[PDB]
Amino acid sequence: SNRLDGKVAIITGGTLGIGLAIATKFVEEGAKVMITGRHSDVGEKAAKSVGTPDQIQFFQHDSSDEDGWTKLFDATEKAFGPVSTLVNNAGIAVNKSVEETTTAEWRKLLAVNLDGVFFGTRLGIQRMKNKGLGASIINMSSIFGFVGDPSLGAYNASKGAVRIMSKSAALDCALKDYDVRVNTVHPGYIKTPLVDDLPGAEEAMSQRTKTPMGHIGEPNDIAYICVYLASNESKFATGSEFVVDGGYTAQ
């Protein structure tokens, strides 16, 4: 227990699914947490379901909103003190091949999945460097930052960008002794509310030709690797990709 003692974390898209599980385990391990999402109804209920305002609060923010990122860090500092930990988890998907992606779809997805992660990573470095916080930026990528999917063209682009941009940030932070690590987490298929709302999705994701374990994961599978990466347990890990995918990318 207390694996995140003293840590102050921002988790984008932390009001449902994977992000909510990360927030729940972060609080359980002693972190103070600010979760974000676009809808305040979901967000305020999510925060209250996890802990008191002394442990966890909600901040309404679209991760594509550059100016809002400043307000998000400001509000987290005011509530909890200097931010030590950022999980860039908010993301969207378009079910389109590259061939069939409209430019509006392309720009919308990249605004959230790529611009948003860049805005959070850039600001995180500027706010967390040189403070002795054992700071950690955890950028959510995907198995689809490693392998293509024919119907996830823009998603693939964004997750490949997050994968390699994070290595750049890791190196710069390491070479400059900033006390900031940057790593990526790559979930396979995980049982989320979106998955349960798509008839047949889970069965398709569980075929052995997709997930060799024959079933999909659960949100706490991603929460636990994020606890390790936020914790000083992982103080020598930077610039690395952490895959939790039921074997998807091993075949």
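The first residue of the sequence shown is number 1, and the count goes up from there.
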*Higher-scoring stretch by recorded Cα B factor average, 48 to 56 or 183 to 191*: 48 to 56
*So 214 to 222 or 39 to 47, which one's hotter by mean CA B-factor in the entry?*
39 to 47
*asked:* Quiz for you: based on the deposited Cα B-factor, which of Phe146, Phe118, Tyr155, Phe80 is highest?
replied: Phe80
*Taking the C-alpha B-factors as the PDB entry records them, is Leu16 in the lowest, middle or highest third of its chain?*
highest
*For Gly91, return the chain-relative third of its C-alpha B-factor as stated in the PDB record: lowest, middle or highest.*
highest
_Test of reading the entry: by CA B factor among the chain's modelled residues, which third contains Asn232?_
middle
*Once the chain's modelled residues are ordered by C-alpha B factor and cut into thirds, is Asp74 in the lowest, middle or highest one?*
highest
*Taking the chain's C-alpha temperature factors as the reference, tell me which third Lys176 falls into: lowest, middle or highest.*
middle
